[PDB]
Amino acid sequence: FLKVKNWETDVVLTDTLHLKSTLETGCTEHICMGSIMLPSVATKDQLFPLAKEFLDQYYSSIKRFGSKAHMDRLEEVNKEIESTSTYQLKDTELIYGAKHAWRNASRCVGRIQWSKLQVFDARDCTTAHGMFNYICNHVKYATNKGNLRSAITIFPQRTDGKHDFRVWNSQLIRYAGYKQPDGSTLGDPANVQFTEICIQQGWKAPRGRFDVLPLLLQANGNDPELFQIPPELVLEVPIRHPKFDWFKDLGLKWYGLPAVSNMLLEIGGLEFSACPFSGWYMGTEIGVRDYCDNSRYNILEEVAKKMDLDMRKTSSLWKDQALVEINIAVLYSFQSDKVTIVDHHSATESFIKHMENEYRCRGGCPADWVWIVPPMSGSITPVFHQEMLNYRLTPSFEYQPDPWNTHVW
Ligand code: HEM
Ligand SMILES: N=C(Nc1ccc(CCNCc2cccc(NC(=N)c3ccoc3)c2)cc1)c1ccoc1
Ligand SMILES: C[C@H](O)[C@H](O)[C@H]1CNc2nc(N)[nH]c(=O)c2N1
Ligand SMILES: OC[C@@H](O)[C@H](O)[C@@H](O)CO
Ligand SMILES: [Zn+2]
């Protein structure tokens, strides 16, 4: 029965949800691994407790725990796991599982929206083209002409493991990254390997900074296939500043729709290796990390230059000064174009309120401070002063290796 405190408001919450936790954290009694980035085929013995646990909280959530349809469903799944050494979720159990995987995502600050999630059952898909068709429909729906809506598209579950549905892209919409003969990098340096994996598979690269990558779609373990998202479905914001007319000359833009496609969804012991999910951006992922990480677009050099800043000393804070202007520009551009976006002040305040609800109606809220606190202006947002317990609940989104490190080609 643990206690978390907010040191800006003295609000105290009591966490009992963590008792339901199950998986490992990495930490021990004598070492904390809270800042480690990455934290690290089935059998049927393993599968039933995972189905039981899941199906018990599912009927419990609709106020029908332990009774008739519950006992039937437990027996039903028990029998199918005997017969098949796997089983299939109902439409309603898939929707509950997906929403709760997001609800348990301790690194996600946007979880006040967890129940407002559109689930697309793509479990009847069989080919890369079908995957292409489902993904285009996801993009179109979730983008909603800028009025973004959250959605997940769920492809068939892992069975043996040699037949695995995978989206090889990191995000459905990501900009390309090309190295140059002179060592430097054009575009997004994060994606340079994947960009070349597509060029390998015959992609024809326009070789600019902001080239929307093609999709590489792997279906039932077969080789992955290239598909170009129709450009009309890829909504993009050109980045301008509401003071600096020279900011347009920077020629920056970003896509409106963040849609993660390399994660693994775990529902009731079942594994969905292809499950692209989308919401909207917090401003700082673009303005701070994408634009200003040294390993990414790294534009602080070229913005402070145009801001006429003393760049010879670190202590002039020219970096910080240009970081803020870059983020005023992302927000202003997105809002002027009516493309849903949230600022780190609005999102972290909403997450405090979300935490309030989760301790009220659930007994806790797993939360990773290292990831929840925004990468700029940490302590002027309310989550900096919020103590948070981190623990792993299920259903969950897990990391998974990149398919080209593992696919017997
Ligand atoms: C609705 C608007 C949403 C906002 C504003 C939001 C915001 C964020 C941000 C800023 C991060 C940190 C990302 C990073 O620094 O790499 C994050 C992480 C995450 N989000 Fe949310 N998100 C939203 C929707 C969703 C949805 C719809 C899902 C799943 C259905 C989701 C699942 C996750 C997961 C699993 C992580 C952790 C990823 C990792 O550990 O690498 N989020 N979110
Ligand atoms: N793997 C490396 N780093 C690395 C880098 C990043 C990550 C995780 C990044 N998740 C992207 C992500 C995940 C979840 C949400 C968002 N955003 C959203 N708003 C959003 C997207 C969908 O709904 C809301 C964005 C994990 C590892 C690496 C290896 C070598 O060098 C670097
Ligand atoms: C080393 C550290 O764990 C790593 O840099 C983390 C820090 N916090 C983060 N927080 C978010 N939201 N996203 C990130 O990628 C990271 N990176
Ligand atoms: O939206 C996520 C952003 O693309 C970055 O945070 C990357 O994780 C690497 O900088
Ligand atoms: Zn720890």
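Residues numbered from 1 in each chain as written, not as in the entry; some residues may be left out. Chains lettered and ligands numbered in written order. Heavy atoms only, no water.

As recorded in the entry header, the structure was determined using X-ray crystallography to a resolution of 2.040 Å.

The PDB entry lists the protein under the name Nitric oxide synthase, brain, from Rattus norvegicus.

## Concerning the overall build of the protein
Spelled out, the test is: Where helices and strands are cited, they refer to DSSP runs of H or I of at least four residues and of E of at least two residues respectively, numbered from the N terminus. The size measure is the radius of gyration over C-alpha atoms, and the globule rule it meets is 2.2 Å times the number of residues to the 0.38 power. Summary of the burial criterion: residues with accessible area below 20% of their type's maximum are buried, those above 50% are exposed, and those between are partly exposed, where the area comes from a 1.4 Å probe applied to protein chains only. Surface accessibility in these figures is a Shrake-Rupley result with a 1.4 Å probe; residues are shielded only by whichever protein chains are displayed. Only four residue types enter the charge count: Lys and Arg as positive, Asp and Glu as negative, with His and the chain ends excluded. A charged residue contributes its charge at one atom only: NZ of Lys, CZ of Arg, CG of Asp or CD of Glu.
Within the protein, the secondary structure is distributed over ten helices and 18 strands. What you see for the protein is a C-alpha radius of gyration of 22 Å, in line with the 22 Å of a compact globule of 409 residues. Each principal axis of the C-alpha atoms in the protein carries an extent, and together these give about 70 × 60 × 40 Å. Per-residue burial for the protein yields a buried fraction of 49% across its 409 residues. Split by element, the accessible area of the protein, about 20,600 Å² in all, is 53% carbon and sulfur. Positive and negative charge centroids in the protein, built from 44 and 49 side chains respectively, lie 4 Å apart.

## Side note on the coordination of the zinc ion (ligand 5)
For clarity, the cut-off: Nitrogen, oxygen and sulfur within 2.8 Å of a metal are treated as its donors, or within 3.2 Å for sodium, potassium and calcium (Na, K, Ca); water is not counted, so a site can appear incomplete.
Each protein donor to the zinc ion (ligand 5) is listed here as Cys 27 (SG) and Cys 32 (SG); together their distances run 2.3 to 2.4 Å. In this structure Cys 27 comes out as partly exposed when scored by relative accessible area, which is 33%.

## Let's talk about the coordination of the iron atom of ligand 1
No other protein atom reaches the iron atom of ligand 1 as a donor apart from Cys 108 (SG), found 2.4 Å away. Mapped onto the secondary structure, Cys 108 falls in the loop between α3 (91-103) and β3 (118-121).

## So, the environment of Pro 238
Here is the rule: Whether two residues are in contact is decided by their heavy atoms: any pair within 4.5 Å suffices.
Residue placement: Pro 238 occurs in strand β10 (residues 236-238). On the basis of relative accessibility, which here comes to 43%, the residue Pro 238 falls in the partly exposed class. Residues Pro 238 and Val 330 lie 92 residues apart in sequence; the distance between their C-alpha atoms is 8.8 Å. Apart from the residues within four sequence positions on either side, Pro 238 is in contact with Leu 252, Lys 253, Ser 333 and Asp 337.

## Some details on the domain arrangement of the protein
As a reminder, the rule being used: Domain ranges listed in this record stem from an automatic or a database domain assignment. Buried area is a sum: the accessible area each of two parts loses on coming together, probed at 1.4 Å, counted once for each and added. Salt bridge criterion: a side-chain nitrogen from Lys or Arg within 4 Å of a carboxyl oxygen from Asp or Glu. Residues are grouped as follows: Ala, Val, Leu, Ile, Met, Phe, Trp, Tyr, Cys and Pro are nonpolar; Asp, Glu, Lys and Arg are charged; all remaining types, including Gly, are polar.
Per the domain assignment, the segments of the protein are domain 1 (15-123 + 150-160 + 264-278 + 348-372), domain 2 (124-149 + 164-235 + 399-403) and domain 3 (236-258 + 281-346). Here domain 1 and domain 3 have C-alpha centroids that lie 35 Å from each other. With six residues of domain 1 at the contact, the number on the domain 3 side is six residues. A combined buried area of about 400 Å² lies between domain 1 and domain 3, and 46% of that area is made up of carbon and sulfur atoms. Broken down residue by residue, the surface that domain 1 buries against domain 3 is led by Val 109, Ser 278 and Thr 348, which jointly contribute 72%. Taken together, domain 1 and domain 3 are joined by zero salt bridges. If you list the elements that add at least two residues to the side of domain 1 that touches domain 3, you get β15 (277-278) and α9 (344-361). For the side of domain 1 that touches domain 3, the element with the highest residue contribution is α9, accounting for three residues. Classifying every residue of the side of domain 1 that touches domain 3 by side-chain character gives two nonpolar, three polar and one charged.

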